[PDB]
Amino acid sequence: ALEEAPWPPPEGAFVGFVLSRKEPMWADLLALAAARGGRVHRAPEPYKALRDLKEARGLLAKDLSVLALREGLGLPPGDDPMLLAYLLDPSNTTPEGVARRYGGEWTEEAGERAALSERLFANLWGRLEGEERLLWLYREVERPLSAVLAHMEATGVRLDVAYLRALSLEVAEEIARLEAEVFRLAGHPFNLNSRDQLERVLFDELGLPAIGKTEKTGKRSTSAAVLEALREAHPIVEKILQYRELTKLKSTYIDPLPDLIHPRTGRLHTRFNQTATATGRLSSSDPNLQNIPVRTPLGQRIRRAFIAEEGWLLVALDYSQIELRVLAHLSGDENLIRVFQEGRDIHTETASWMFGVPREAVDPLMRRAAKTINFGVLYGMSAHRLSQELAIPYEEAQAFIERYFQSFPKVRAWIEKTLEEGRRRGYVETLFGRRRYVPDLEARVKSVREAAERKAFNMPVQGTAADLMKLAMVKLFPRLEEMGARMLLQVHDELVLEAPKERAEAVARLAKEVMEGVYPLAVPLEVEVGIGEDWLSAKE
């Protein structure tokens, strides 16, 4: 019911837009509208009308900004009601839900989206009047970060497509050998990808023991953890786990990624979703480039396909022991602080215990394993689970958990203060005041309450680490531009950059310093930096 006005809109109007599909790098811009001052302006031809905007201001601003960047236009994102709602409550993840919560409807019409953006901005900006810590997060982190993310998304990353095509052919041959061996040991063929058929074979036909059951339907589970258990109670299991590895990698990375190269960039473009997680982390999708393989030799082969443009180098920067350092700061544990002031490495230390070798003997595959144990235990893994992953007696696992925490005695104190203030206020918060609402801290079913507790005390540590990385991205991005380097990926506590070969060294030193200095804590932040033609060689 807004007065139809002629295009263009006045400066500072709210934009609405419709995409043929959710990925801005692939979408056709179907319709473009703007709203301000009781007027809605609808664009005659959406692509041309992009040239008239000075900024993208409205719901999903970053997506329109990426599509503008793809078309050679600098149209930075500004205000986005989604960002306001997400700071108020990170359960606010989609326009559909935000619109109904704060007074409107997310439709499929640009003009209605424009009007909705204007109202939703007014209401939410008012709900934020007075929330000085959240306002600071919005102005100094989330709103400027969206500009960085738009540039990352539009830049993309070079992928060695030919290499991966070749790899698909080798991997397929190994899958068919493993499959043939599985069928032989079972005495007939069947779909190894059907967990239902595999369950029957393993537990009915071959009589193997069934260790555990699935959550929703109570089937006998065929998970890696259950199969690792009985990995000698039959050799078929050995093969199935290998088949699972290869097919996971082929179907998720090797085959799909080469078909996602963009015609106009020649590169691979992810999306960095800014209002997607309960803790303040980013997520990555279409495709997810935050879960590229790294653990196994085949995974590393896949990771080697992510390469630098000709004449450039990749620079990979990864915070050291990051959530332990954050925990040191948040809890104030004297022993934990000392650890890092002394340059100790808890992942290496735990790996030493796990595999029984001196710390100078811990290799990379060993240290990485220690990480799940270290964060497993910190965030509340059960002795039974630990016992089974480490392959030690139950009593040895309880003992490790007890020693872990008694090493750093103020941590349990910090957990209980976090939970207690979380029961009273209904949310928990990061160092910078980012909040997560956690009801159920007072639930009357113990299992439900204890799950809420593990959610609640993880969020301040994981979310503070997320705040620190976002703030560093915001500080680092202008310096990279001035140096002619590019930011490509964020993987929670890691940045991957692309830099001209002749500046790569200065870029690495500079990026390390900004990341280490982003916000001084009671413990040094240390960053490991590597340079290489490919993502794997850049982390060594």
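Residue indices: 1-based, along the sequence shown.
Novice: Pick between 24 to 32 and 46 to 54: the one whose mean CA B-factor in the entry is higher.
Specialist: Comparing 24 to 32 with 46 to 54, the higher mean C-alpha B-factor belongs to 46 to 54.
Novice: Take the C-alpha B-factors listed in the entry for 208 to 216 and for 405 to 413, compute each mean, and give the stretch with the larger one.
Specialist: Taking the mean B-factor of the alpha carbons in each, 405 to 413 is higher.
Novice: Determine which member of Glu453, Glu245, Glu420, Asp196 has the highest CA B-factor, using the values in the deposited entry.
Specialist: Most elevated C-alpha B-factor of the set, per the entry: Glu420.
Novice: Which listed residue, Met459, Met366, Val448, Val98, has the largest C-alpha temperature factor in the record?
Specialist: In this record, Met366 carries the highest C-alpha B-factor of the candidates.
Novice: Thinking about Cα B factors across the chain, which third does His492 belong to?
Specialist: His492: CA B-factor falls in the lowest third of its chain.
Novice: Rank-wise, by C-alpha B-factor, drop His41 into the lowest, middle or highest third of its chain.
Specialist: Ranked within chain, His41 CA B lands in the highest tercile.
Novice: Test of reading the entry: by CA B factor among the chain's modelled residues, which third contains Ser382?
Specialist: For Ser382, the deposited C-alpha B-factor lands in the middle third.
Novice: For the chain shown, is the CA B-factor of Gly103 in the lowest, middle or highest third of its modelled residues?
Specialist: Its C-alpha B-factor, which the entry lists for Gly103, ranks in the highest third among residues of this chain.
Novice: Taking the chain's C-alpha temperature factors as the reference, tell me which third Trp125 falls into: lowest, middle or highest.
Specialist: CA B-factor rank for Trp125: highest third.
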